[PDB]
Each structure stands twice: as structure tokens, then as C-alpha cells.
>>> print(open('model-v4.cif').read())   # mmCIF, N, CA and C atoms
data_final
#
loop_
_atom_site.group_PDB
_atom_site.id
_atom_site.type_symbol
_atom_site.label_atom_id
_atom_site.label_comp_id
_atom_site.auth_asym_id
_atom_site.auth_seq_id
_atom_site.Cartn_x
_atom_site.Cartn_y
_atom_site.Cartn_z
ATOM 1 N N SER A 1 -145.623 130.110 99.451
ATOM 2 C CA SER A 1 -144.446 129.471 98.877
ATOM 3 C C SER A 1 -143.382 129.235 99.940
ATOM 4 N N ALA A 2 -142.329 128.508 99.564
ATOM 5 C CA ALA A 2 -141.254 128.231 100.509
ATOM 6 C C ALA A 2 -140.462 129.491 100.832
ATOM 7 N N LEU A 3 -140.206 130.334 99.826
ATOM 8 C CA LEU A 3 -139.467 131.570 100.065
ATOM 9 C C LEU A 3 -140.201 132.471 101.051
ATOM 10 N N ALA A 4 -141.528 132.550 100.934
ATOM 11 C CA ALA A 4 -142.307 133.408 101.821
ATOM 12 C C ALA A 4 -142.240 132.939 103.268
ATOM 13 N N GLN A 5 -142.031 131.643 103.493
ATOM 14 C CA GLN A 5 -141.931 131.119 104.850
ATOM 15 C C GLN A 5 -140.521 131.201 105.414
ATOM 16 N N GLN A 6 -139.500 131.055 104.568
ATOM 17 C CA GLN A 6 -138.120 131.007 105.037
ATOM 18 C C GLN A 6 -137.501 132.392 105.190
ATOM 19 N N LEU A 7 -137.776 133.302 104.254
ATOM 20 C CA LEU A 7 -137.102 134.599 104.262
ATOM 21 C C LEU A 7 -137.361 135.441 105.508
ATOM 22 N N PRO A 8 -138.572 135.516 106.071
ATOM 23 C CA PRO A 8 -138.759 136.309 107.294
ATOM 24 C C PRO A 8 -137.819 135.869 108.407
ATOM 25 N N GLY A 9 -137.233 136.853 109.082
ATOM 26 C CA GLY A 9 -136.286 136.616 110.146
ATOM 27 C C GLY A 9 -135.086 137.525 110.019
ATOM 28 N N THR A 10 -134.049 137.212 110.791
ATOM 29 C CA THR A 10 -132.841 138.020 110.862
ATOM 30 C C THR A 10 -131.663 137.218 110.324
ATOM 31 N N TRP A 11 -130.861 137.852 109.471
ATOM 32 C CA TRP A 11 -129.763 137.197 108.776
ATOM 33 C C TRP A 11 -128.493 138.020 108.924
ATOM 34 N N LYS A 12 -127.353 137.332 108.946
ATOM 35 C CA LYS A 12 -126.058 137.997 108.929
ATOM 36 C C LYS A 12 -125.585 138.153 107.490
ATOM 37 N N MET A 13 -125.287 139.389 107.101
ATOM 38 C CA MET A 13 -124.690 139.652 105.800
ATOM 39 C C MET A 13 -123.184 139.438 105.856
ATOM 40 N N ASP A 14 -122.636 138.866 104.785
ATOM 41 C CA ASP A 14 -121.189 138.704 104.649
ATOM 42 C C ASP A 14 -120.893 138.768 103.155
ATOM 43 N N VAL A 15 -120.479 139.945 102.686
ATOM 44 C CA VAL A 15 -120.328 140.214 101.265
ATOM 45 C C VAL A 15 -118.962 140.838 101.016
ATOM 46 N N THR A 16 -118.571 140.846 99.743
ATOM 47 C CA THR A 16 -117.285 141.372 99.311
ATOM 48 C C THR A 16 -117.467 142.053 97.963
ATOM 49 N N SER A 17 -116.941 143.269 97.837
ATOM 50 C CA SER A 17 -117.003 143.978 96.570
ATOM 51 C C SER A 17 -116.058 143.336 95.557
ATOM 52 N N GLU A 18 -116.215 143.731 94.291
ATOM 53 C CA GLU A 18 -115.335 143.214 93.251
ATOM 54 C C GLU A 18 -113.889 143.648 93.458
ATOM 55 N N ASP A 19 -113.656 144.701 94.240
ATOM 56 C CA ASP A 19 -112.312 145.136 94.584
ATOM 57 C C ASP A 19 -111.812 144.532 95.891
ATOM 58 N N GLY A 20 -112.551 143.587 96.465
ATOM 59 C CA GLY A 20 -112.104 142.859 97.633
ATOM 60 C C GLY A 20 -112.465 143.460 98.973
ATOM 61 N N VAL A 21 -113.367 144.437 99.014
ATOM 62 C CA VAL A 21 -113.748 145.076 100.271
ATOM 63 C C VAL A 21 -114.840 144.234 100.927
ATOM 64 N N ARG A 22 -114.537 143.665 102.092
ATOM 65 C CA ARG A 22 -115.482 142.827 102.817
ATOM 66 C C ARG A 22 -116.268 143.664 103.817
ATOM 67 N N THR A 23 -117.591 143.507 103.804
ATOM 68 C CA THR A 23 -118.467 144.168 104.760
ATOM 69 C C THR A 23 -119.518 143.181 105.242
ATOM 70 N N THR A 24 -119.869 143.285 106.517
ATOM 71 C CA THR A 24 -120.910 142.473 107.124
ATOM 72 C C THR A 24 -122.060 143.372 107.562
ATOM 73 N N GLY A 25 -123.118 142.745 108.057
ATOM 74 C CA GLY A 25 -124.269 143.487 108.520
ATOM 75 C C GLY A 25 -125.393 142.545 108.898
ATOM 76 N N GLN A 26 -126.537 143.144 109.216
ATOM 77 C CA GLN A 26 -127.748 142.405 109.540
ATOM 78 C C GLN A 26 -128.817 142.716 108.505
ATOM 79 N N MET A 27 -129.459 141.672 107.992
ATOM 80 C CA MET A 27 -130.602 141.807 107.102
ATOM 81 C C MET A 27 -131.847 141.321 107.832
ATOM 82 N N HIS A 28 -132.797 142.230 108.052
ATOM 83 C CA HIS A 28 -134.047 141.929 108.745
ATOM 84 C C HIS A 28 -135.176 141.970 107.723
ATOM 85 N N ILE A 29 -135.800 140.819 107.481
ATOM 86 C CA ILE A 29 -136.843 140.673 106.468
ATOM 87 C C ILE A 29 -138.178 140.498 107.178
ATOM 88 N N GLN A 30 -139.133 141.380 106.870
ATOM 89 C CA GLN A 30 -140.454 141.344 107.472
ATOM 90 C C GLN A 30 -141.511 141.016 106.423
ATOM 91 N N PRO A 31 -142.486 140.172 106.755
ATOM 92 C CA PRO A 31 -143.559 139.876 105.800
ATOM 93 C C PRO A 31 -144.380 141.118 105.482
ATOM 94 N N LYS A 32 -144.967 141.125 104.286
ATOM 95 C CA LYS A 32 -145.870 142.196 103.881
ATOM 96 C C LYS A 32 -147.013 141.631 103.045
ATOM 97 N N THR A 33 -146.690 141.068 101.890
ATOM 98 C CA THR A 33 -147.639 140.404 101.015
ATOM 99 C C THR A 33 -147.126 139.003 100.719
ATOM 100 N N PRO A 34 -147.980 138.118 100.192
ATOM 101 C CA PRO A 34 -147.511 136.759 99.868
ATOM 102 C C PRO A 34 -146.322 136.718 98.922
ATOM 103 N N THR A 35 -146.077 137.777 98.149
ATOM 104 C CA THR A 35 -144.969 137.796 97.208
ATOM 105 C C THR A 35 -143.973 138.924 97.440
ATOM 106 N N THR A 36 -144.271 139.882 98.316
ATOM 107 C CA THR A 36 -143.349 140.969 98.612
ATOM 108 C C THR A 36 -143.102 141.047 100.111
ATOM 109 N N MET A 37 -141.912 141.521 100.473
ATOM 110 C CA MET A 37 -141.506 141.628 101.865
ATOM 111 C C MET A 37 -140.716 142.911 102.073
ATOM 112 N N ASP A 38 -140.823 143.461 103.280
ATOM 113 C CA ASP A 38 -139.975 144.570 103.684
ATOM 114 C C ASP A 38 -138.631 144.045 104.169
ATOM 115 N N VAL A 39 -137.593 144.856 103.988
ATOM 116 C CA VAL A 39 -136.242 144.479 104.386
ATOM 117 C C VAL A 39 -135.525 145.705 104.936
ATOM 118 N N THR A 40 -134.708 145.490 105.966
ATOM 119 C CA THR A 40 -133.886 146.534 106.563
ATOM 120 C C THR A 40 -132.459 146.022 106.680
ATOM 121 N N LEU A 41 -131.503 146.809 106.191
ATOM 122 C CA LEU A 41 -130.085 146.473 106.255
ATOM 123 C C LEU A 41 -129.380 147.439 107.197
ATOM 124 N N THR A 42 -128.676 146.895 108.185
ATOM 125 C CA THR A 42 -127.929 147.693 109.145
ATOM 126 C C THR A 42 -126.528 147.119 109.298
ATOM 127 N N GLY A 43 -125.605 147.972 109.710
ATOM 128 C CA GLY A 43 -124.230 147.569 109.917
ATOM 129 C C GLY A 43 -123.305 148.756 109.751
ATOM 130 N N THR A 44 -122.018 148.455 109.579
ATOM 131 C CA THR A 44 -121.001 149.472 109.348
ATOM 132 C C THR A 44 -120.201 149.121 108.103
ATOM 133 N N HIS A 45 -119.818 150.147 107.346
ATOM 134 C CA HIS A 45 -118.985 149.953 106.170
ATOM 135 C C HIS A 45 -117.559 149.589 106.590
ATOM 136 N N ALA A 46 -116.693 149.399 105.591
ATOM 137 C CA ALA A 46 -115.304 149.057 105.873
ATOM 138 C C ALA A 46 -114.570 150.175 106.602
ATOM 139 N N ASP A 47 -115.038 151.417 106.484
ATOM 140 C CA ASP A 47 -114.447 152.535 107.209
ATOM 141 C C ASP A 47 -114.984 152.670 108.629
ATOM 142 N N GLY A 48 -115.806 151.726 109.083
ATOM 143 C CA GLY A 48 -116.346 151.757 110.427
ATOM 144 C C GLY A 48 -117.567 152.629 110.616
ATOM 145 N N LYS A 49 -118.034 153.326 109.557
ATOM 146 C CA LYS A 49 -119.186 154.198 109.738
ATOM 147 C C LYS A 49 -120.481 153.431 109.486
ATOM 148 N N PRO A 50 -121.512 153.690 110.284
ATOM 149 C CA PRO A 50 -122.741 152.899 110.185
ATOM 150 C C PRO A 50 -123.507 153.195 108.906
ATOM 151 N N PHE A 51 -124.298 152.209 108.485
ATOM 152 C CA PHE A 51 -125.219 152.379 107.374
ATOM 153 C C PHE A 51 -126.585 151.832 107.761
ATOM 154 N N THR A 52 -127.621 152.387 107.137
ATOM 155 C CA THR A 52 -128.995 151.953 107.354
ATOM 156 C C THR A 52 -129.725 151.994 106.023
ATOM 157 N N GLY A 53 -130.318 150.872 105.636
ATOM 158 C CA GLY A 53 -131.059 150.795 104.396
ATOM 159 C C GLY A 53 -132.366 150.053 104.582
ATOM 160 N N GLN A 54 -133.371 150.491 103.832
ATOM 161 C CA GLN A 54 -134.694 149.883 103.842
ATOM 162 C C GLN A 54 -135.168 149.720 102.407
ATOM 163 N N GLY A 55 -135.878 148.634 102.144
ATOM 164 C CA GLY A 55 -136.346 148.384 100.800
ATOM 165 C C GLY A 55 -137.379 147.282 100.743
ATOM 166 N N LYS A 56 -137.504 146.692 99.555
ATOM 167 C CA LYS A 56 -138.519 145.691 99.266
ATOM 168 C C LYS A 56 -137.879 144.458 98.649
ATOM 169 N N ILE A 57 -138.381 143.287 99.036
ATOM 170 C CA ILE A 57 -137.996 142.010 98.446
ATOM 171 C C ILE A 57 -139.192 141.474 97.671
ATOM 172 N N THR A 58 -138.985 141.146 96.396
ATOM 173 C CA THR A 58 -140.050 140.652 95.531
ATOM 174 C C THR A 58 -139.637 139.313 94.937
ATOM 175 N N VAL A 59 -140.543 138.335 94.993
ATOM 176 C CA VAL A 59 -140.244 137.007 94.471
ATOM 177 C C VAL A 59 -140.132 137.066 92.954
ATOM 178 N N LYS A 60 -139.101 136.412 92.420
ATOM 179 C CA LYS A 60 -138.875 136.312 90.984
ATOM 180 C C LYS A 60 -139.083 134.898 90.461
ATOM 181 N N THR A 61 -138.528 133.894 91.144
ATOM 182 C CA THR A 61 -138.738 132.480 90.849
ATOM 183 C C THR A 61 -138.975 131.763 92.175
ATOM 184 N N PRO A 62 -139.344 130.476 92.182
ATOM 185 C CA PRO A 62 -139.468 129.764 93.465
ATOM 186 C C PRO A 62 -138.174 129.694 94.267
ATOM 187 N N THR A 63 -137.021 129.989 93.666
ATOM 188 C CA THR A 63 -135.747 129.945 94.373
ATOM 189 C C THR A 63 -135.026 131.286 94.424
ATOM 190 N N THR A 64 -135.540 132.320 93.756
ATOM 191 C CA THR A 64 -134.876 133.613 93.691
ATOM 192 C C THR A 64 -135.859 134.725 94.022
ATOM 193 N N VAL A 65 -135.334 135.796 94.614
ATOM 194 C CA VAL A 65 -136.107 137.000 94.889
ATOM 195 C C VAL A 65 -135.281 138.212 94.485
ATOM 196 N N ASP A 66 -135.968 139.244 94.008
ATOM 197 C CA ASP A 66 -135.339 140.539 93.802
ATOM 198 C C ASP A 66 -135.283 141.303 95.117
ATOM 199 N N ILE A 67 -134.254 142.132 95.260
ATOM 200 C CA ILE A 67 -134.108 142.976 96.439
ATOM 201 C C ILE A 67 -133.623 144.349 95.997
ATOM 202 N N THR A 68 -134.304 145.391 96.469
ATOM 203 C CA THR A 68 -133.964 146.778 96.183
ATOM 204 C C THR A 68 -133.918 147.531 97.501
ATOM 205 N N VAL A 69 -132.829 148.260 97.737
ATOM 206 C CA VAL A 69 -132.590 148.925 99.010
ATOM 207 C C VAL A 69 -132.219 150.377 98.750
ATOM 208 N N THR A 70 -132.834 151.287 99.502
ATOM 209 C CA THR A 70 -132.447 152.691 99.532
ATOM 210 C C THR A 70 -131.831 152.982 100.894
ATOM 211 N N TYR A 71 -130.586 153.439 100.897
ATOM 212 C CA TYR A 71 -129.895 153.735 102.141
ATOM 213 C C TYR A 71 -130.219 155.153 102.611
ATOM 214 N N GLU A 72 -129.743 155.478 103.817
ATOM 215 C CA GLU A 72 -130.110 156.743 104.446
ATOM 216 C C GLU A 72 -129.588 157.946 103.670
ATOM 217 N N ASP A 73 -128.454 157.807 102.985
ATOM 218 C CA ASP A 73 -127.897 158.901 102.202
ATOM 219 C C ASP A 73 -128.484 158.980 100.797
ATOM 220 N N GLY A 74 -129.567 158.254 100.527
ATOM 221 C CA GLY A 74 -130.172 158.240 99.215
ATOM 222 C C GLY A 74 -129.576 157.246 98.243
ATOM 223 N N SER A 75 -128.487 156.574 98.615
ATOM 224 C CA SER A 75 -127.905 155.555 97.752
ATOM 225 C C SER A 75 -128.898 154.424 97.523
ATOM 226 N N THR A 76 -128.902 153.890 96.305
ATOM 227 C CA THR A 76 -129.800 152.810 95.928
ATOM 228 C C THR A 76 -128.994 151.660 95.342
ATOM 229 N N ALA A 77 -129.409 150.437 95.659
ATOM 230 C CA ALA A 77 -128.796 149.236 95.114
ATOM 231 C C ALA A 77 -129.881 148.201 94.863
ATOM 232 N N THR A 78 -129.723 147.436 93.787
ATOM 233 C CA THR A 78 -130.646 146.365 93.447
ATOM 234 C C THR A 78 -129.867 145.075 93.250
ATOM 235 N N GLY A 79 -130.518 143.960 93.536
ATOM 236 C CA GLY A 79 -129.854 142.687 93.399
ATOM 237 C C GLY A 79 -130.806 141.529 93.571
ATOM 238 N N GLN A 80 -130.233 140.369 93.890
ATOM 239 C CA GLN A 80 -130.996 139.134 93.995
ATOM 240 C C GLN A 80 -130.520 138.336 95.201
ATOM 241 N N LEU A 81 -131.461 137.641 95.831
ATOM 242 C CA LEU A 81 -131.168 136.616 96.823
ATOM 243 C C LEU A 81 -131.625 135.274 96.267
ATOM 244 N N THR A 82 -130.756 134.273 96.355
ATOM 245 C CA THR A 82 -131.023 132.944 95.825
ATOM 246 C C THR A 82 -130.847 131.922 96.938
ATOM 247 N N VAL A 83 -131.861 131.076 97.136
ATOM 248 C CA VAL A 83 -131.797 130.097 98.212
ATOM 249 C C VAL A 83 -130.668 129.110 97.939
ATOM 250 N N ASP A 84 -129.926 128.769 98.992
ATOM 251 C CA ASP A 84 -128.746 127.922 98.862
ATOM 252 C C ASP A 84 -128.801 126.750 99.832
ATOM 253 N N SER A 85 -129.412 126.974 100.986
ATOM 254 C CA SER A 85 -129.520 125.958 102.026
ATOM 255 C C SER A 85 -130.655 126.376 102.951
ATOM 256 N N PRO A 86 -131.077 125.487 103.860
ATOM 257 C CA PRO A 86 -132.094 125.895 104.846
ATOM 258 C C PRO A 86 -131.706 127.114 105.663
ATOM 259 N N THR A 87 -130.418 127.471 105.714
ATOM 260 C CA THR A 87 -129.947 128.557 106.564
ATOM 261 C C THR A 87 -129.140 129.599 105.795
ATOM 262 N N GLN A 88 -129.213 129.615 104.465
ATOM 263 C CA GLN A 88 -128.328 130.492 103.713
ATOM 264 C C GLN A 88 -128.927 130.830 102.354
ATOM 265 N N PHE A 89 -128.805 132.100 101.975
ATOM 266 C CA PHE A 89 -129.077 132.579 100.629
ATOM 267 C C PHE A 89 -127.803 133.162 100.034
ATOM 268 N N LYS A 90 -127.671 133.059 98.713
ATOM 269 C CA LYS A 90 -126.654 133.823 98.007
ATOM 270 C C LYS A 90 -127.085 135.275 97.890
ATOM 271 N N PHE A 91 -126.125 136.172 98.069
ATOM 272 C CA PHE A 91 -126.356 137.605 98.070
ATOM 273 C C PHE A 91 -125.568 138.219 96.923
ATOM 274 N N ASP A 92 -126.243 139.022 96.103
ATOM 275 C CA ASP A 92 -125.615 139.643 94.940
ATOM 276 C C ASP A 92 -126.344 140.953 94.678
ATOM 277 N N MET A 93 -125.678 142.081 94.931
ATOM 278 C CA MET A 93 -126.280 143.398 94.759
ATOM 279 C C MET A 93 -125.294 144.333 94.070
ATOM 280 N N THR A 94 -125.841 145.319 93.361
ATOM 281 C CA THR A 94 -125.060 146.287 92.604
ATOM 282 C C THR A 94 -125.572 147.687 92.909
ATOM 283 N N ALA A 95 -124.663 148.584 93.285
ATOM 284 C CA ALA A 95 -125.028 149.970 93.522
ATOM 285 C C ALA A 95 -125.143 150.724 92.199
ATOM 286 N N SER A 96 -125.658 151.952 92.278
ATOM 287 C CA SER A 96 -125.860 152.739 91.067
ATOM 288 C C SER A 96 -124.541 153.070 90.380
ATOM 289 N N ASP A 97 -123.466 153.259 91.148
ATOM 290 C CA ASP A 97 -122.171 153.598 90.568
ATOM 291 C C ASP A 97 -121.446 152.395 89.980
ATOM 292 N N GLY A 98 -122.079 151.224 89.959
ATOM 293 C CA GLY A 98 -121.477 150.035 89.398
ATOM 294 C C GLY A 98 -120.789 149.127 90.393
ATOM 295 N N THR A 99 -120.704 149.520 91.660
ATOM 296 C CA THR A 99 -120.035 148.692 92.652
ATOM 297 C C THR A 99 -120.902 147.480 92.968
ATOM 298 N N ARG A 100 -120.327 146.291 92.822
ATOM 299 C CA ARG A 100 -121.048 145.039 92.987
ATOM 300 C C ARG A 100 -120.531 144.289 94.206
ATOM 301 N N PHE A 101 -121.457 143.775 95.013
ATOM 302 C CA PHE A 101 -121.142 142.991 96.200
ATOM 303 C C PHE A 101 -121.763 141.607 96.066
ATOM 304 N N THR A 102 -120.949 140.568 96.238
ATOM 305 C CA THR A 102 -121.429 139.195 96.253
ATOM 306 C C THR A 102 -121.035 138.529 97.563
ATOM 307 N N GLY A 103 -121.873 137.597 98.009
ATOM 308 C CA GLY A 103 -121.660 136.932 99.277
ATOM 309 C C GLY A 103 -122.853 136.107 99.714
ATOM 310 N N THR A 104 -123.118 136.084 101.019
ATOM 311 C CA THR A 104 -124.185 135.268 101.577
ATOM 312 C C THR A 104 -124.931 136.054 102.645
ATOM 313 N N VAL A 105 -126.147 135.599 102.933
ATOM 314 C CA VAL A 105 -126.850 135.936 104.163
ATOM 315 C C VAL A 105 -127.149 134.626 104.883
ATOM 316 N N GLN A 106 -126.775 134.550 106.157
ATOM 317 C CA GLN A 106 -126.925 133.339 106.952
ATOM 318 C C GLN A 106 -127.852 133.615 108.127
ATOM 319 N N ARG A 107 -128.705 132.641 108.438
ATOM 320 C CA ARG A 107 -129.766 132.844 109.418
ATOM 321 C C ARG A 107 -129.197 133.076 110.813
ATOM 322 N N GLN A 108 -129.724 134.090 111.493
ATOM 323 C CA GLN A 108 -129.353 134.376 112.871
ATOM 324 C C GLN A 108 -130.598 134.432 113.753
#
>>> encode(input="model-v4.cif", output="C-alpha cells")
Amino acid sequence: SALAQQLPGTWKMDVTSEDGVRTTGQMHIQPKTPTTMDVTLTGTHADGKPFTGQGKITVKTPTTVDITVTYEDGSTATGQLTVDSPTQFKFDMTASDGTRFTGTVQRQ
């Protein structure tokens, strides 16, 4: 599919919580199966402390994929990536405590 060909690579995260907290990072998507992919999220939170997360990306529609990430401290978040352009997906994830981040991932 198109998602399986486009998603692999390195992307810049640029998201904002519902309370206005902006955080960036790197999303590294690696192929695994024709419909599932490995993903690694790295960067620093708004307090400057680093974060590291690894998870799975699963295709949901020809234009959307599910994404689930477990961070190093055991925190878990699930969300969706939606294709927006040849170089951009919409990013929308929610942590277990209800904190929601919306934004983009752009190809790097």
C-alpha cells in the first residue's frame, strides 16, 4: 500500500497538548510487516528532560494508521497518524491520564 511505502523513514514531531504545551521530537518508523511497523519516538519534554518511546504502527484505513507507544517510564499512549501530504501526516495521540497531543510529523 501507499502508507507502507511512505511511512518508513525519519520524521520531525511538532505537537501541542490541549493545555498549549508544545513539544517536538523525532519519529523513526521501521518496516516490519506489510501492515505493521515499528516506531521509535525520541526528544525532550517541555521541561527539557529526554524521553524515549517504542511501539507499533498498524494500518487502519488506506489513509490512516494506529500508533501505540510505550515510553521508558512505562507511560503508554495511543493515537492515529493520517496522511496529509507527500511530506506530512497529522499526529493525534492521547496518554493514559487523558492528556491529548495534536500536531504533525514532517519528513526529515
>>> resolve_selection(input="model-v4.cif", expression="the PyMOL selection byres ((chain A and resi 7-17) around 7)", output="ChimeraX atom specification")
/A:2-6,18-31,99-108
>>> write_last_selection(input="model-v4.cif", atoms="N, CA and C atoms", output="tab-separated table (two decimals), in the coordinates of the input")
chain	number	residue	atom	x	y	z
A	2	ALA	N	-142.33	128.51	99.56
A	2	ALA	CA	-141.25	128.23	100.51
A	2	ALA	C	-140.46	129.49	100.83
A	3	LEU	N	-140.21	130.33	99.83
A	3	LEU	CA	-139.47	131.57	100.06
A	3	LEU	C	-140.20	132.47	101.05
A	4	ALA	N	-141.53	132.55	100.93
A	4	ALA	CA	-142.31	133.41	101.82
A	4	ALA	C	-142.24	132.94	103.27
A	5	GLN	N	-142.03	131.64	103.49
A	5	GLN	CA	-141.93	131.12	104.85
A	5	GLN	C	-140.52	131.20	105.41
A	6	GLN	N	-139.50	131.06	104.57
A	6	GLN	CA	-138.12	131.01	105.04
A	6	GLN	C	-137.50	132.39	105.19
A	18	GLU	N	-116.22	143.73	94.29
A	18	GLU	CA	-115.34	143.21	93.25
A	18	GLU	C	-113.89	143.65	93.46
A	19	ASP	N	-113.66	144.70	94.24
A	19	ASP	CA	-112.31	145.14	94.58
A	19	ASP	C	-111.81	144.53	95.89
A	20	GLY	N	-112.55	143.59	96.46
A	20	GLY	CA	-112.10	142.86	97.63
A	20	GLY	C	-112.46	143.46	98.97
A	21	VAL	N	-113.37	144.44	99.01
A	21	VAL	CA	-113.75	145.08	100.27
A	21	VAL	C	-114.84	144.23	100.93
A	22	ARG	N	-114.54	143.66	102.09
A	22	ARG	CA	-115.48	142.83	102.82
A	22	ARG	C	-116.27	143.66	103.82
A	23	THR	N	-117.59	143.51	103.80
A	23	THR	CA	-118.47	144.17	104.76
A	23	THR	C	-119.52	143.18	105.24
A	24	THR	N	-119.87	143.28	106.52
A	24	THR	CA	-120.91	142.47	107.12
A	24	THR	C	-122.06	143.37	107.56
A	25	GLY	N	-123.12	142.74	108.06
A	25	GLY	CA	-124.27	143.49	108.52
A	25	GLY	C	-125.39	142.54	108.90
A	26	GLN	N	-126.54	143.14	109.22
A	26	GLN	CA	-127.75	142.40	109.54
A	26	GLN	C	-128.82	142.72	108.50
A	27	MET	N	-129.46	141.67	107.99
A	27	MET	CA	-130.60	141.81	107.10
A	27	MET	C	-131.85	141.32	107.83
A	28	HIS	N	-132.80	142.23	108.05
A	28	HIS	CA	-134.05	141.93	108.74
A	28	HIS	C	-135.18	141.97	107.72
A	29	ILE	N	-135.80	140.82	107.48
A	29	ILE	CA	-136.84	140.67	106.47
A	29	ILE	C	-138.18	140.50	107.18
A	30	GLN	N	-139.13	141.38	106.87
A	30	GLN	CA	-140.45	141.34	107.47
A	30	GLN	C	-141.51	141.02	106.42
A	31	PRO	N	-142.49	140.17	106.76
A	31	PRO	CA	-143.56	139.88	105.80
A	31	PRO	C	-144.38	141.12	105.48
A	99	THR	N	-120.70	149.52	91.66
A	99	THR	CA	-120.04	148.69	92.65
A	99	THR	C	-120.90	147.48	92.97
A	100	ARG	N	-120.33	146.29	92.82
A	100	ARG	CA	-121.05	145.04	92.99
A	100	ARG	C	-120.53	144.29	94.21
A	101	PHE	N	-121.46	143.78	95.01
A	101	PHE	CA	-121.14	142.99	96.20
A	101	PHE	C	-121.76	141.61	96.07
A	102	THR	N	-120.95	140.57	96.24
A	102	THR	CA	-121.43	139.20	96.25
A	102	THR	C	-121.04	138.53	97.56
A	103	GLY	N	-121.87	137.60	98.01
A	103	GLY	CA	-121.66	136.93	99.28
A	103	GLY	C	-122.85	136.11	99.71
A	104	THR	N	-123.12	136.08	101.02
A	104	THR	CA	-124.18	135.27	101.58
A	104	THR	C	-124.93	136.05	102.64
A	105	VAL	N	-126.15	135.60	102.93
A	105	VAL	CA	-126.85	135.94	104.16
A	105	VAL	C	-127.15	134.63	104.88
A	106	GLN	N	-126.78	134.55	106.16
A	106	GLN	CA	-126.92	133.34	106.95
A	106	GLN	C	-127.85	133.62	108.13
A	107	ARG	N	-128.71	132.64	108.44
A	107	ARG	CA	-129.77	132.84	109.42
A	107	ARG	C	-129.20	133.08	110.81
A	108	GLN	N	-129.72	134.09	111.49
A	108	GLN	CA	-129.35	134.38	112.87
A	108	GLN	C	-130.60	134.43	113.75
>>> select_by_dssp(input="model-v4.cif", residues="chain A", states="helix (DSSP H, G or I)", output="list in words")
residues 2, 3, 4, 5 and 6 of chain A
>>> residues_around(input="model-v4.cif", residues="residue 53 in chain A", least_positions_apart="4", cutoff="7 Å", atoms="only N, CA and C atoms", output="ChimeraX atom specification")
/A:39-43,69-72
>>> write_last_selection(input="model-v4.cif", atoms="N, CA and C atoms", output="CSV table (one decimal), in the coordinates of the input")
chain,number,residue,atom,x,y,z
A,39,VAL,N,-137.6,144.9,104.0
A,39,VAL,CA,-136.2,144.5,104.4
A,39,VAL,C,-135.5,145.7,104.9
A,40,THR,N,-134.7,145.5,106.0
A,40,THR,CA,-133.9,146.5,106.6
A,40,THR,C,-132.5,146.0,106.7
A,41,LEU,N,-131.5,146.8,106.2
A,41,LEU,CA,-130.1,146.5,106.3
A,41,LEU,C,-129.4,147.4,107.2
A,42,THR,N,-128.7,146.9,108.2
A,42,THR,CA,-127.9,147.7,109.1
A,42,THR,C,-126.5,147.1,109.3
A,43,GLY,N,-125.6,148.0,109.7
A,43,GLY,CA,-124.2,147.6,109.9
A,43,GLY,C,-123.3,148.8,109.8
A,69,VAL,N,-132.8,148.3,97.7
A,69,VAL,CA,-132.6,148.9,99.0
A,69,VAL,C,-132.2,150.4,98.8
A,70,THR,N,-132.8,151.3,99.5
A,70,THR,CA,-132.4,152.7,99.5
A,70,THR,C,-131.8,153.0,100.9
A,71,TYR,N,-130.6,153.4,100.9
A,71,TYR,CA,-129.9,153.7,102.1
A,71,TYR,C,-130.2,155.2,102.6
A,72,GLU,N,-129.7,155.5,103.8
A,72,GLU,CA,-130.1,156.7,104.4
A,72,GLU,C,-129.6,157.9,103.7
>>> atom_distance(input="model-v4.cif", atom1="CA of residue 38 in chain A", atom2="CA of residue 90 in chain A")
18.0 Å
>>> atom_distance(input="model-v4.cif", atom1="CA of residue 64 in chain A", atom2="CA of residue 82 in chain A")
4.5 Å
>>> select_by_dssp(input="model-v4.cif", residues="range 4-92 of chain A", states="strand (DSSP E or B)", output="ChimeraX atom specification")
/A:9-17,22-31,36-44,50-59,64-71,76-85,88-92
>>> resolve_selection(input="model-v4.cif", expression="the PyMOL selection byres (((chain A and resi 60 and name CA) around 12) and name CA)", output="JSON, numbers by chain")
{"A": [1, 3, 4, 35, 36, 57, 58, 59, 61, 62, 63, 64, 65, 66, 67, 79, 80, 81, 82, 83]}
>>> closest_residue(input="model-v4.cif", among="A:33, A:87, A:76, A:96", to="residue 52 in chain A", atoms="only C-alpha atoms")
A:76
>>> atom_distance(input="model-v4.cif", atom1="CA of residue 49 in chain A", atom2="atom C of residue 98 in chain A")
20.1 Å
>>> build_atoms(input="model-v4.cif", residues="range 98-104 of chain A", atoms="N, CA, C and O atoms", output="PDB file, in the frame of the given file")
ATOM      1  N   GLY A  98    -122.079 151.224  89.959  1.00  0.00           N
ATOM      2  CA  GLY A  98    -121.477 150.035  89.398  1.00  0.00           C
ATOM      3  C   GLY A  98    -120.789 149.127  90.393  1.00  0.00           C
ATOM      4  O   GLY A  98    -120.327 148.051  90.001  1.00  0.00           O
ATOM      5  N   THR A  99    -120.704 149.520  91.660  1.00  0.00           N
ATOM      6  CA  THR A  99    -120.035 148.692  92.652  1.00  0.00           C
ATOM      7  C   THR A  99    -120.902 147.480  92.968  1.00  0.00           C
ATOM      8  O   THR A  99    -122.074 147.619  93.338  1.00  0.00           O
ATOM      9  N   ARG A 100    -120.327 146.291  92.822  1.00  0.00           N
ATOM     10  CA  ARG A 100    -121.048 145.039  92.987  1.00  0.00           C
ATOM     11  C   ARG A 100    -120.531 144.289  94.206  1.00  0.00           C
ATOM     12  O   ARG A 100    -119.319 144.172  94.406  1.00  0.00           O
ATOM     13  N   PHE A 101    -121.457 143.775  95.013  1.00  0.00           N
ATOM     14  CA  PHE A 101    -121.142 142.991  96.200  1.00  0.00           C
ATOM     15  C   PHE A 101    -121.763 141.607  96.066  1.00  0.00           C
ATOM     16  O   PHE A 101    -122.967 141.489  95.814  1.00  0.00           O
ATOM     17  N   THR A 102    -120.949 140.568  96.238  1.00  0.00           N
ATOM     18  CA  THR A 102    -121.429 139.195  96.253  1.00  0.00           C
ATOM     19  C   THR A 102    -121.035 138.529  97.563  1.00  0.00           C
ATOM     20  O   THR A 102    -119.998 138.846  98.155  1.00  0.00           O
ATOM     21  N   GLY A 103    -121.873 137.597  98.009  1.00  0.00           N
ATOM     22  CA  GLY A 103    -121.660 136.932  99.277  1.00  0.00           C
ATOM     23  C   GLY A 103    -122.853 136.107  99.714  1.00  0.00           C
ATOM     24  O   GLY A 103    -123.532 135.498  98.883  1.00  0.00           O
ATOM     25  N   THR A 104    -123.118 136.084 101.019  1.00  0.00           N
ATOM     26  CA  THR A 104    -124.185 135.268 101.577  1.00  0.00           C
ATOM     27  C   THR A 104    -124.931 136.054 102.645  1.00  0.00           C
ATOM     28  O   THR A 104    -124.428 137.039 103.191  1.00  0.00           O
TER      29      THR A 104
END
